[PDB]
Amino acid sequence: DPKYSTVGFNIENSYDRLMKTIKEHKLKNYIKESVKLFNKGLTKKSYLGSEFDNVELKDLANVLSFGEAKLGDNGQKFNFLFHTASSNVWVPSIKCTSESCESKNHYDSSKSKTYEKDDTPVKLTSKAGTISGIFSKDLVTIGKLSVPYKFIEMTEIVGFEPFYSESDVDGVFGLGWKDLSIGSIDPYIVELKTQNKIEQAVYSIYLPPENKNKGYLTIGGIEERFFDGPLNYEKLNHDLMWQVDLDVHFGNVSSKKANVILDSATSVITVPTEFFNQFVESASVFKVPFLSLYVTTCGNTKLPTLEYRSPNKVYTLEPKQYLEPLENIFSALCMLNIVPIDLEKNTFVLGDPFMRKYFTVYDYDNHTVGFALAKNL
């Protein structure tokens, strides 16, 4: 229905992936019998305490995808994944020599009335892989909104496997601030408003509480029907990141003036390792040996409400927003959707769990981020 322009997207989540592995490696009974042991409790040994760096920040990325975006006059179709920290949109060239590219949808400048050359070259060089290509300008549509935007047409794609090959994803659409170019190419959402296609350079994410494979992106205004109560804005502590200054308390474990990043693409709440150990130690939480898995009774009376405090608002997360049931492994068993991981100093991220509770707003004009209590729809 909405009066502002809204798209659905699909999510592959951490739970879906963990379920996959448990079936690959036949792990249900090992988890079942470990938990029983714990309940008995013949696991006095903690430590547990297992320094599993299995965690890098990319291990925790969900894939948020949609296939109703189109390029140029002819409307060439592409499956993007959203990335919340990047300003640019990225799409395989018809010219792409690599093998990764063979099974994917392609941009063909030749086939588009609206196409303009730019031809400025770009290389993105990374940990997981490397991408070469060139800027082109064409009609970028979603699907009520449309604008001539400068995007990247990728010619060499190496790495990112096996995900890229196994994924039906073509490229990346940018809901962020960082532009690779030095031509000050604005965000897609900035450009819509520059060209007057919307009225404000803003968007929201709405993650419905009851469907963890779905999300909704709304562009150009605040859709009042997704939330109850007031919207609170916090000011960014960074020019180029959806990042905010807050004091964080998990029970008596606390950290003041923490950098907290909003990324609905992350699958969990993250916390520095020290902080996590203070939290989990004697909180009745069980680290299953040889797995990146923390587990507890879903009704655990020791688990605190998590708090993210600003000078005028506190955002909270009860145990039911940070625990995922595992009813098909063990009755009343849940896992923790909290992972320990050290990034920059004193840096935390709010992923999927936080946004299932809070509807969120991402405001390029006013350099703010907005929080409100999601409805259940």
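Throughout, we count residues from 1 along the sequence that is shown. Under this definition, the rigid core comprises the largest set of C-alpha atoms superposing within 1.5 Å between the forms.
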Q: Consider 329-337 and 345-353 separately and indicate which one has Cα atoms farther, on average, from the shown form in 4 other deposited structures of this protein after rigid core alignment.
A: 329-337
Q: Between 262-270 and 113-121, report the one with more C-alpha displacement in 4 other deposited structures of this protein relative to this form after a rigid core superposition.
A: 113-121
Q. Counting the other entries of this protein, is residue 324 left out in at least a third of them?
A. no
Q.
Please check residue 47 against the other PDB entries of this protein that were compared: is it missing in at least a third of those that model both its neighbours?
A. yes
Q) Which has higher Cα B-factors on average according to the PDB entry: 66-74 or 332-340? A) 66-74
Q) Of 7-15 and 350-358, which one has the bigger average CA B-factor? A) 7-15
Q.
If I read the C-alpha B-factors straight from the PDB entry, which of 217, 182, 295, 207 is highest?
A. 182
**Q.** Given 32, 26, 40, 58, the residue at which the Cα B factor reaches its maximum
**A.** 58
Q) Compared with the other modelled residues in the chain, in which third is the CA B-factor of residue 92? A) middle
Q: Using the B-factor values recorded in the entry, state whether the Cα atom of residue 230 falls in the lowest, middle or highest third among the modelled residues of its chain.
A: lowest
Q: Give the position of residue 327 by CA B-factor within its chain, expressed as the lowest, middle or highest third.
A: middle
Q. C-alpha B factor of residue 320, ranked within the chain: lowest, middle or highest third?
A. middle
Q. Thinking about Cα B factors across the chain, which third does residue 164 belong to?
A. highest
